[PDB]
**Student:** 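Shown below is the structure under consideration.
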There are 4 protein chains.
Amino acid sequence: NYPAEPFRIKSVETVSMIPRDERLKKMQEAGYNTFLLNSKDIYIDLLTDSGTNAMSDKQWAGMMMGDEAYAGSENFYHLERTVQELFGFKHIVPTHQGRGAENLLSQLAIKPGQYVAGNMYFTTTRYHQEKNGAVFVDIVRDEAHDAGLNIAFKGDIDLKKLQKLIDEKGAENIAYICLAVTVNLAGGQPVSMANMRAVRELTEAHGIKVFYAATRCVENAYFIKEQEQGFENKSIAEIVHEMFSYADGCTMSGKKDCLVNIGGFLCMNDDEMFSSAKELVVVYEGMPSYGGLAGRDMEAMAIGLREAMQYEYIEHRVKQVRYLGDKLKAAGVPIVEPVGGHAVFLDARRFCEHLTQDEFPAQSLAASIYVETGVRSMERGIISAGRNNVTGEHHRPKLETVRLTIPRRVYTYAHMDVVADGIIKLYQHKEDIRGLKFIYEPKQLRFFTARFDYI
Amino acid sequence: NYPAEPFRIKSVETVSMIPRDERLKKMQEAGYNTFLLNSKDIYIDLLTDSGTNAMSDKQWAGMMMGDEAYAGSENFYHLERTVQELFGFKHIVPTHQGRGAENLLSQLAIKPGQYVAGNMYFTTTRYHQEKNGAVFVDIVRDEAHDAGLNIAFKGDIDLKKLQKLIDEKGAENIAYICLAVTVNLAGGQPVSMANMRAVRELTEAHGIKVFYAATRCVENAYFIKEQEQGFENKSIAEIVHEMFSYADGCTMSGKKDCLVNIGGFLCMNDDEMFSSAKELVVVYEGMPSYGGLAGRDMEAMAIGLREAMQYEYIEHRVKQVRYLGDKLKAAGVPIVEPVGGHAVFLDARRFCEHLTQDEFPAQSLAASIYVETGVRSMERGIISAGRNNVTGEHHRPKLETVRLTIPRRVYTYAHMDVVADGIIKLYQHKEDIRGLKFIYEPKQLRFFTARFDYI
Amino acid sequence: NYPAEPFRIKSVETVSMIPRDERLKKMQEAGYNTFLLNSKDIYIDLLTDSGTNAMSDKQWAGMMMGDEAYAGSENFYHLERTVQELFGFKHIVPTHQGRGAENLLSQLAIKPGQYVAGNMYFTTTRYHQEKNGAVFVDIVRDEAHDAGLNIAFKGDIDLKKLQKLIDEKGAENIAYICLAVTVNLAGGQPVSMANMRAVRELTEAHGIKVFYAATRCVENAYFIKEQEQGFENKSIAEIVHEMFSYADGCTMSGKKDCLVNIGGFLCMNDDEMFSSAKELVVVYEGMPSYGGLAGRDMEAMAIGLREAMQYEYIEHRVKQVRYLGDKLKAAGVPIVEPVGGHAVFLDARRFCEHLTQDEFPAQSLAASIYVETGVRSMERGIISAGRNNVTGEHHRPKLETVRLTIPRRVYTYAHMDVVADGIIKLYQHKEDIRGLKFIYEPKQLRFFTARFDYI
Amino acid sequence: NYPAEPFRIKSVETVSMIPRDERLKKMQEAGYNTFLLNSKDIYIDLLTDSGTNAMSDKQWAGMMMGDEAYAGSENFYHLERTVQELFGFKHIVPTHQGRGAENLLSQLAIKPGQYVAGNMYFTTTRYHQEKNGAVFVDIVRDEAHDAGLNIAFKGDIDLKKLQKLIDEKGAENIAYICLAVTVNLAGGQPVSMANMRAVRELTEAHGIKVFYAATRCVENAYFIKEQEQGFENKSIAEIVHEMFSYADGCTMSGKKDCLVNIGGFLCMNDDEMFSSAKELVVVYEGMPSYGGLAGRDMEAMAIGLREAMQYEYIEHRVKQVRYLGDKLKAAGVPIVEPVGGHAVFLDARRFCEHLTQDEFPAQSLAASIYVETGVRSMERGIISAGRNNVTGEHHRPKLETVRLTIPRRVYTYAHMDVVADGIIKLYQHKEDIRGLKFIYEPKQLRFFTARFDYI
Ligand SMILES: *Cc1c(COP(=O)(O)O)cnc(C)c1O
Ligand SMILES: *Cc1c(COP(=O)(O)O)cnc(C)c1O
Ligand SMILES: *Cc1c(COP(=O)(O)O)cnc(C)c1O
Ligand SMILES: *Cc1c(COP(=O)(O)O)cnc(C)c1O
Ligand SMILES: [K+]
Ligand SMILES: [K+]
Ligand SMILES: [K+]
Ligand SMILES: [K+]
């Protein structure tokens with residue numbers, strides 16, 4: 001049901017076990033914003049699963065063999081051949097992380113006035129697309145926008161919406177389809193192989209490109225393995241390779257499913273696009289032979305991507321997240337459903353139904369969680385959504401959530417219990433959670449440095 | 001009652017997740033002796049807690065700062081001042097591990113024909129003592145020999161036995177008292193501060209020296225803090241320092257409670273002893289300034305000893321072992337009680353009541369455990385006890401046990417569940433466990449390479 | 001005049017010691033382009049000093065203490081306070097390397113149609129400037145363009161050129177002065193404190209901002225200490241701090257003078273600029289708290305920058321490069337003069353007077369060097385200058401050089417002898433060096449993958 | 001003539017570049033005993049070549065893959081098969097370093113009253129032999145005792161002396177021949193393959209065992225390669241394998257020619273001796289599967305022994321030592337000749353001919369060297385020889401030397417120049433070097449902690 005860790009602990013990270021009264025003082029000095037907390041003051045840090053992973057002994061051995069050459073590094077060649085073998089693409093261009101690849105992709109594939117259609121969007125990626133003159137069109141299935149609906153493969157593209165876009169704007173006016181795995185804005189929801197294939201088939205008929213934003217493609221492959229009929233005798237590597245056989249290229253954040261602390265890459269099949277990518281990469285990242293990465297990180301990412309294909313590893317990764325969500329759900333705590341590959345999202349609108357969205361229920365719940373347990377979580381609600389600079393009004397997102405984001409191979413089920421038990425205890429007296437108000441609000445990037453006090 | 005790990009995972013060790021049928025084949029190739037298994041074939045290796053610990057990030061940082069100089073190394077100065085501060089002895093001599101320190105002590109403190117008395121013995125230490133012409137006398141309380149008996153501080157010395165020795169032999173004929181913390185042969189049982197005090201008082205009145213075999217002294221300090229009334233307001237460090245204030249020196253295995261993979265030391269207060277120690281260490285270990293250790297290992301051990309003093313670390317260490325024993329006990333599995341600081345010992349006599357000791361129930365239980373779970377454990381019974389050289393018969397120890405020895409900071413509670421669940425399942429069909437017989441018996445060190453088959 | 005290395009070797013990098021005949025075959029497989037050689041096939045790799053530095057034991061210890069948190073990392077706090085202390089700017093924004101910082105600066109400080117004036121340019125930086133709609137104006141002193149001329153502080157700005165710009169265009173039409181230390185295109189030539197002061201005085205009177213492209217600022221500080229009268233009693237740190245006191249901010253490549261393999265940052269004093277910078281960094285690099293770097297790399301760079309301030313380190317760094325140039329000069333080998341902080345540039349025009357620039361003397365000299373010595377160097381001539389897109393003709397740069405670029409702390413004087421002796425032997429038979437012609441020319445970034453054969 | 005380093009520097013060790021006046025104060029605080037200096041205060045530490053070597057990137061990768069299992073570690077298996085392949089022995093028993101192997105060997109191979117004959121002796125080894133009741137007989141050729149005689153293979157055994165021993169005491173009374181490579185007491189002098197073979201042939205005829213004390217066997221193999229006719233087409237590995245084909249076993253210090261900071265082993269062919277060794281190793285070192293070493297050190301030593309076979313590495317190692325000796329000799333500085341594989345010995349009796357041996361010319365010269373250059377060297381003269389405890393008189397050795405002992409891969413030719421130039425300058429005013437007298441003399445191990453002041 002829940003497997004034990006399919007690894008041993010090789011080394012540990014020292015933590016301060018500061019008690020409740022001291023955590024409250026830290027939380028106050030941070031202005032009740034978990035983004036302002038010092039890492040040294042946090043027991044369990046679930047701010048993000050990006051770049052926070054534990055590497056293996058084998059990756060650390062790789063880190064000692066960094067070949068730091070500007071061109072022709074053995075580490076580059078190892079990353080290159082690993083990604084060619086596992087993802088099946090012709091050309092690989094390393095980037096320092098995922099958004100560096102997206103910056104390149106947008107410049108390579110978008111003419112101004114064109115549409116980019118995808119299964120929801122990621123803030124930075126959408127910025128790059130719009131900066132290049134594209135209009136983003138969301139073609140995810142309707143169910144994805146219903147955070148309570150417990151159904152499989154909620155990340156799937158609605159083929160009818162894609163069909164309508166093609167009919168209305170013309171294929172030649174579509175830059176590409178951006179297919180994300182898993183889908184962030186729906187809570188880490190997977191995409192079925194059936195959907196990927198149907199998308200390939202429709203787009204190919206019209207000459208439209210498909211590029212994958214593949215940041216959690218291994219979590220995705222695990223869901224296919226577990227839940228899509230016909231995949232029960234297939235290895236994770238076999239599923240991953242098939243997934244990408246339905247794309248023209250991809251952007252990858254090594255920092256997520258490649259089990260590293262930094263790293264990414266851009267893949268493609270097209271020789272002309274590759275030629276062009278080589279010129280752009282130099283401008284923003286570095287030579288095509290390192291792409292803004294140390295040789296030791298190309299090595300660590302080549303090693304980690306291969307480790308990610310081990311069935312027992314990814315099964316455990318996803319079931320650990322699931323354990324946390326199952327324990328919360330069994331106690332009545334409201335969460336986004338189904339639980340995603342990388343995180344559990346608390347529904348803070350429902351958890352704190354006595355608070356208005358203007359009193360920042362997600363921000364306040366995240367503060368309470370830290371004070372009660374030493375666990376840091378991320379506000380993913382009204383604060384992060386930011387203000388409308390035209391009107392001065394909050395953007396008021398339908399999702400008012402606290403994200404419990406789980407780094408790979410860092411925490412145990414007992415840490416998941418610390419998280420769950422603390423949240424369950426807060427839920428039992430949820431009416432006591434106080435609202436927040438700004439005492440300092442930056443004009444930009446307000447989630448990162450805003451400060452609050454209790455109402 | 002079971003705390004979460006008070007640390008995060010920094011790096012992981014890759015393990016083979018081989019299935020049962022393949023484990024059976026490995027166990028057979030190892031002639032059903034867990035000592036012959038390949039490390040690469042083992043999921044959870046509970047052969048020993050000695051030298052198998054996960055280091056922290058801070059120790060690994062120290063490992064990069066190895067000052068490898070033959071004399072005057074910063075790492076030696078760091079180790080020296082750390083031991084002086086935390087153990088309180090005037091002089092420190094590094095050794096490659098504990099038995100190197102015991103080798104020196106035996107040569108420095110024993111005249112031919114004297115007695116060494118202690119709370120049970122460690123095999124290699126008794127060897128050194130006798131090689132220097134001492135007779136060993138066991139002065140442990142009788143309860144220590146009763147595996148099933150659940151009493152606190154089972155490792156305590158019987159002061160009446162001590163008194164009897166003094167009266168029968170004379171004080172001038174006792175080289176020293178060797179007080180071990182914790183006590184191996186009783187299953188990792190602790191010694192109280194009251195006993196250490198009373199032993200010191202009686203010996204000092206007679207001019208008899210006391211040396212500690214301090215290999216799990218921090219586990220011991222934890223039992224004092226948790227269970228000895230009057231110690232509830234003391235830090236682990238205050239307890240450790242007080243323990244050593246009742247001794248003239250110690251031998252230490254850093255491989256156990258200093259959280260390293262290699263290292264030990266000898267401490268004393270006496271200047272003349274220290275001078276003679278310097279001459280001896282050179283011949284067996286290395287110069288007094290490194291003692292058969294790399295500079296980086298003196299550094300790791302200096303760091304590790306200070307980390308061991310953190311309450312939450314040692315509370316978790318001991319309660320994790322306790323969890324494994326509690327879960328086994330709740331299912332009716334016979335174990336040595338109370339659970340020790342470092343291991344749970346299955347009582348194979350009671351587990352396999354249908355087998356005679358001559359059929360090697362501990363060896364066979366250890367084999368079945370590996371086959372069912374991927375867990376390696378150590379035979380600590382008739383096989384390890386070896387053969388009588390005069391009579392040709394087995395030494396037949398009273399305790400016939402399988403030792404589930406827990407490395408520090410390597411495993412989680414979910415690993416403990418893997419161990420417990422597999423042993424509980426075996427216990428539910430205990431009658432099916434088959435006796436073993438030798439098919440190859442070496443003349444010396446037989447537990448290491450002997451091979452068996454089922455009767 | 002040449003000091004010994006002010007450090008010891010902690011660890012070594014394994015290299016191939018392949019003989020001449022095998023090097024010839026590698027060079028041929030690389031189509032006589034050193035950019036295509038495999039790192040594993042190179043004994044001494046002088047392609048670049050960027051990112052190829054040997055770190056110390058103390059940096060590697062810092063690498064073990066990577067605090068990988070998305071915000072609030074101890075490593076970010078260490079980098080931030082180190083830069084504030086040593087460079088003296090209010091605000092620091094990490095970037096994955098220098099061109100990431102330049103990308104942000106160009107977007108923050110340039111309005112369409114303004115001029116950026118500087119002492120020559122770096123290709124990628126000029127690209128960003130022009131992409132933001134600036135026209136670049138070179139205000140370097142004329143001597144900087146005269147490769148053979150041996151004068152001090154060749155990188156200095158011509159203040160009369162600056163004055164002319166201000167009078168012809170108006171101050172409101174100058175976005176900023178970009179002052180580079182040291183100056184790449186003049187061969188690593190330094191800028192005096194007097195010039196930095198005079199530039200600041202003139203610009204400040206007109207309300208024009210100054211930003212430093214500070215990639216080899218510590219090499220530059222060394223030239224000031226050694227050669228600018230009045231600086232003989234100042235530490236390298238005092239010099240660096242004073243240099244930056246004449247600027248409104250900087251872009252930094254830690255990959256050069258901060259002694260690391262990856263990393264950079266952007267600094268500024270202005271609060272509004274810092275706020276806008278935070279929004280931009282997120283889209284291109286990462287959160288302002290890591291900027292596209294692992295925590296361990298922020299830590300290494302923080303450590304490396306402080307190590308760079310040690311006089312003996314930077315004295316040795318620069319005098320080791322000088323030794324290679326002095327030895328070449330003493331044999332009559334034509335080089336750019338004075339020798340720069342980081343590289344010796346062979347003047348391939350003078351080396352191969354029997355070849356026309358259209359026969360690619362620098363490319364061919366670089367090839368022969370590898371074949372004769374196992375040493376890789378970079379073509380910095382007509383090939384790297386690329387092709388005119390309008391006319392289809394080569395850009396024909398005045399300087400046609402081979403760059404012998406020296407990574408910090410990687411090589412010894414005996415390696416420099418290997419380099420010099422092989423080049424002196426080639427020079428003794430310079431007439432034998434054959435012209436090259438393309439057999440494959442890419443349309444973009446041609447120096448990276450172009451292939452040649454002998455005419 | 002002198003090759004460049006056949007490696008690059010991967011990482012560096014930070015040094016204090018304290019000037020002359022500060023070094024003098026340090027030297028004073030150390031009581032003019034270089035053994036008392038702090039490592040942090042030394043620029044170039046030539047105290048010993050034992051355990052001070054720089055490891056490769058590949059060895060450091062190995063260090064990250066330590067398999068710390070008590071038995072069946074992959075690292076043990078790698079060391080085992082590497083030594084079997086390269087040295088040709090059947091059985092390998094790791095030990096923490098060389099003297100641990102010697103302790104075992106003496107107990108395994110000596111009956112009381114027997115003779116051990118060798119080519120000179122090593123202090124700790126002779127202690128082990130005598131402790132087991134053997135009498136040591138020196139059978140080195142006469143020339144070895146003439147430190148000025150410039151001849152090849154000065155370490156050779158005199159077959160006539162071995163013949164005489166056999167005739168006089170009987171073969172059955174000879175425990176074994178201990179053949180050392182290279183020979184320490186003669187200044188690091190090699191043994192020819194011809195001599196090894198002649199020794200094997202004579203001993204085999206009489207049934208006498210031969211064991212090699214093989215600590216610098218790779219330096220030895222390089223001398224055979226360079227100077228013994230018939231070995232010019234043989235690889236270093238081929239010579240090493242042949243050397244050991246003439247022994248029954250060996251003791252090895254990894255700390256010298258295996259390029260590690262700790263580690264050693266005992267080898268043998270005999271099954272019964274191996275069985276016995278297994279019992280003893282447990283008592284003094286650890287299980288036969290780790291022998292007092294961390295798994296990562298067995299791995300580092302397995303890797304390093306293989307790296308030591310590279311021709312260019314060992315050629316450079318030996319020629320660097322030679323460069324130092326050649327430079328000294330060319331200036332008239334008196335040294336032991338020929339220069340050995342690992343060190344240059346200054347003849348301090350000749351260097352300081354105005355001082356009596358009672359004024360400690362070697363100790364004083366070593367102090368002067370440190371003050372003038374920051375270089376630490378070892379006294380190998382009257383101080384180290386110690387006192388006769390029966391008579392109270394100094395042992396007065398024929399060799400009164402300062403040992404300039406060179407760690408492998410740590411220093412450059414420029415460091416060798418710092419050493420040489422300083423010594424050459426001291427030589428030019430040698431009459432000014434003052435004698436020393438004790439102000440504090442320990443009863444034991446006096447070289448390690450004695451303190452002096454100037455006469
Ligand atoms: C994380 C993510 C990115 C950005 O990658 P980074 O490595 O964080 O820059 C882009 N797209 C998706 C779908 C992501 O999940
Ligand atoms: C482990 C132990 C030893 C031996 O120490 P090592 O480090 O294994 O050599 C000696 N005495 C006791 C009581 C021990 O626990
Ligand atoms: C190296 C350099 C850059 C680019 O920095 P990277 O770290 O290579 O991106 C920009 N400007 C100057 C003056 C440089 O020297
Ligand atoms: C160094 C040496 C030893 C001792 O080895 P360690 O590893 O220092 O204990 C023994 N014999 C010879 C000939 C040596 O050179
Ligand atoms: K990170
Ligand atoms: K170990
Ligand atoms: K690099
Ligand atoms: K050492």
Side-chain angles (χ1 to χ4, degrees), chain A residues 66-71 73 75-76 286-287 289-298, chain B residues 48-53 70 96-97 254-255 260-263 282-287 290 292 297 407, chain C residues 48-53 97 254-255 260-263 297 407, chain D residues 48-51 66-71 73 75-76 95-103 105 118-128 155 178-185 188 212-217 219 250-258 260 262-265 286-287 289-298 341-342:
Chain A
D67 173 352
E68 299 301 333
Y70 216 58
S73 167
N75 314 133
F76 169 75
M287 287 299 178
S289 44
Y290 74 88
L293 293 175
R296 52 172 181 265
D297 291 306
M298 286 186 285
Chain B
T48 182
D49 67 317
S50 180
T52 48
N53 311 297
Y70 217 62
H96 80 277
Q97 62 188 62
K255 294 177 84 169
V260 289
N261 304 127
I262 195 59
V282 175
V283 137
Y284 292 104
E285 299 293 326
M287 285 299 289
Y290 75 88
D297 292 304
Chain C
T48 182
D49 67 317
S50 180
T52 48
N53 311 297
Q97 62 188 62
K255 294 177 84 169
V260 289
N261 304 127
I262 195 59
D297 292 304
Chain D
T48 180
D49 70 315
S50 179
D67 173 352
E68 299 301 333
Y70 216 58
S73 167
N75 314 133
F76 169 75
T95 58
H96 79 276
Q97 65 188 58
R99 63 202 69 178
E102 288 289 1
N103 175 41
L105 175 62
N119 47 344
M120 295 177 141
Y121 69 90
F122 189 84
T123 291
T124 61
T125 309
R126 185 181 188 155
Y127 177 101
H128 293 308
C178 182
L179 193 159
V181 292
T182 57
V183 178
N184 280 279
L185 248 32
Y212 280 14
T215 63
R216 298 180 183 92
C217 61
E219 295 173 9
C250 76
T251 56
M252 183 58 186
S253 171
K255 296 177 77 172
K256 292 167 184 176
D257 261 343
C258 298
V260 287
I262 196 59
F265 50 88
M287 287 299 178
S289 44
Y290 74 88
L293 293 175
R296 52 172 181 265
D297 291 306
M298 286 186 285
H342 68 292

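Computed from heavy atoms alone, side chains included, the values below leave out hydrogens, waters and symmetry copies. Ligands are counted one by one from 1 in listed order, and the atoms in each one are counted from 1 as well. Naming convention: chains lettered A, B, ... in sequence-line order (proteins, then strands); numbering from 1 in each chain.
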**Student:** Are a donor atom and an acceptor atom from the side chains of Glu102(D) and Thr251(D) found within less than 3.5 Å of each other?
**Tutor:** yes
**Student:** To the nearest 10 degrees, could you say what angle the K ion (ligand 6) makes with O of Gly51(B) and O of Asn261(B)?
**Tutor:**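 With the K ion (ligand 6) as the vertex, O (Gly51(B)) and O (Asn261(B)) sit 80° apart.
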**Student:** So which protein heavy atom does atom 5 (O) of ligand 4 come closest to, and at what separation?
**Tutor:** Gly98(D) CA, 3.4 Å
**Student:** Does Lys255(D) reach ligand 4 with a nitrogen or oxygen that is under 3.5 Å from one of the ligand's nitrogen or oxygen atoms?
**Tutor:** no
**Student:** Can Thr124(D) be said to touch ligand 4, with heavy atoms closer than 4.0 Å?
**Tutor:**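 Contact absent.
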**Student:** Any side-chain to backbone donor/acceptor pair from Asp67(A) onto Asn75(A)? Under 3.5 Å, distance only.
**Tutor:** no
**Student:** Is the backbone N or O of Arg216(D) less than 3.5 Å from a side-chain atom of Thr182(D), with the two atoms forming a donor-acceptor pair by type?
**Tutor:** no
**Student:** Could you find the nearest protein heavy atom to atom 8 (O) of ligand 4 and give me its residue, atom name and distance?
**Tutor:**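 For atom 8 (O) of ligand 4, the nearest protein heavy atom comes out as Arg99(D) NH2, 2.9 Å.
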**Student:** For atom 13 (C) of ligand 4, grab the closest protein heavy atom and report residue, atom and distance to one decimal in Å.
**Tutor:** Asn184(D) ND2, 3.3 Å
**Student:** Tell me, which protein residue and heavy-atom name are nearest atom 4 (C) of ligand 4, and how many Å apart are they?
**Tutor:** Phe122(D) CE2, 3.8 Å
**Student:** Which of the N/O/S atoms in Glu68(D) sits closest to the K ion (ligand 6)?
**Tutor:**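 Sorting the N, O and S atoms of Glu68(D) by distance to the K ion (ligand 6) puts OE1 first.
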**Student:** Rounded to the nearest 0.5 Å, what separation is found between the NZ atom of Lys255(B) and the CG atom of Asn53(B)?
**Tutor:** 10.0 Å
**Student:** Could you check whether any side-chain N or O of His342(D) sits under 3.5 Å from a backbone N or O of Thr48(D), counting only pairs where one atom can act as donor and the other as acceptor?
**Tutor:**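 It does not hold such a pair.
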**Student:** Could you check atom 15 (O) of ligand 4 against the protein and tell me its nearest heavy-atom contact, residue, atom and distance included?
**Tutor:** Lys256(D) NZ, 2.5 Å
**Student:** Give yes if a backbone or side-chain nitrogen or oxygen of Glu102(D) is under 3.5 Å from a nitrogen or oxygen of ligand 4, and no if not.
**Tutor:**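 No, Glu102(D) has no N/O under 3.5 Å of an N/O on ligand 4.
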**Student:** Given 3.5 Å as the limit, does a donor-acceptor pair link the side chain of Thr52(B) with the main chain of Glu68(D), or not?
**Tutor:**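 Side chain of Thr52(B) to backbone of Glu68(D): no pair is present.
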**Student:** Less than 6.0 Å separating the ring centroids of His96(D) and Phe265(D)?
**Tutor:** no
**Student:** Can you sort out which atoms of ligand 4 are near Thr125(D), meaning under 4.0 Å from one of its heavy atoms?
**Tutor:** 10 (C), 11 (N)
**Student:** Relative to ligand 4, is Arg216(D) under 4.0 angstrom through side chain, backbone, both or neither, heavy atoms considered?
**Tutor:**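 Side chain only.
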**Student:** Would you confirm whether the ring centroid of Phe76(D) sits within less than 6.0 angstrom of the ring centroid of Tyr290(D)?
**Tutor:** no
